[PDB]
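Shown here is one chain on its own, the form deposited in one PDB entry, set out as structure tokens.
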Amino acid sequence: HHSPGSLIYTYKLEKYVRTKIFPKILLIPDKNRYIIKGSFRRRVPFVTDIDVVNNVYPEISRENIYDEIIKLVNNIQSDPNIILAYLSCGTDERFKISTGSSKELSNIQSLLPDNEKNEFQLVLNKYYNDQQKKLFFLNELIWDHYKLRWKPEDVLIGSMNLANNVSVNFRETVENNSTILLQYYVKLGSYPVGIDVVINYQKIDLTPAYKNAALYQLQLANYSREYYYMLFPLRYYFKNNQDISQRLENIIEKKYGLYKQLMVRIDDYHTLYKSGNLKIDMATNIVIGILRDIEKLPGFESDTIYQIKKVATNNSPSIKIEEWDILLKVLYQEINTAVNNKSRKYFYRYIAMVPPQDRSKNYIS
């Protein structure tokens, strides 16, 4: 005979967010007017974020979306327990890549600051031959220029400045669009957790948006040869096969789930930082939790871990937060590299079970 932590899914957690959090961050909190999507709907053990769609039409439409959003943002800014990092709505069509011709990309590059002009140039050279791969990493670089992203300050003010001294108006933007994305952060457990709320204030079908989001994730993973994330499209393809689905879900969410969570948590650090919602206490707690859970990655070694602990001795809060941010970017790629190496064997195991004619839509050779 013989005898805190990272956020884990419990039904208790879900009941809390639905009854205590959702009534504060949704426009129409009625359970029949919102749908939980993504990994939280699948109740994955290592909670990453929570993705929700609020279908508010017709009670909220283009007629009153502006007033409703202004009211929502004002309520959030008054709540010390809920953070609204960004509000995404609208596009800057000056940064739309349609043809991919040399002058189109030239005109776009001119609008950028010098440091972004260089990075733009590097992508052009590196992928001189692969047109599609060139255009993808170009869109990756000009992403935040093309897709308008608003701080609460920008929303309440009513406008914000874009590149080349062009101003954009918020009311004008939302009244000529159909959806708004709200990126929240809420205390869930021992650190802030992201909640993405999509407001759908037209009666439009979001199906082409989901299909497009799925295709984007496929390209992102494949073009970077991130074999772990390259498993995600396979989860779609085998959703009818019970045995393969269970194994893929286990590999992604259970076997390597903590790798994904740590990557999200590091990203959340960066997002909270650049959005201006990161104080030294919050940043320190996150780094502590990350250092703790890094030790739970079997066989993971990193020189960054020492550098991070070394910085913590400093007294200046701004220096620590900035240095941590730089170091965590490196740690992110180390975690990314580690999980992609471990997952390579599983990707090829299951892509080989895909009929040759269907490999093109699940894999970029």
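Throughout, rigid core stands for the largest set of C-alpha atoms superposing within 1.5 Å between the two forms. Start at 1 and count along the sequence shown; that's the residue number.
Form deposited in another entry: not shown, discussed below.
After superposition on the rigid core, the single residue among 208, 100, 158, 276 whose C-alpha moves by 2 Å or more between the shown form and the other one is 100.
Residue 119 shows a C-alpha shift of 2 Å or greater between the shown form and the other one [criterion: core-superposed Cα displacement of 2 Å]. With the core superposed, residue 190 shows a C-alpha displacement below 2 Å between the shown form and the other one.
Remark: with the core as the superposition reference, the CA shift of residue 240 between the shown form and the other one stays below 2 Å.
Distance between the C-alpha atoms of residue 224 and residue 114: shorter in the other entry than here (change of 3 Å or more). Relative to the shown form, the CA atoms of residue 164 and residue 116 are pushed 3 Å or more farther apart in the other entry.
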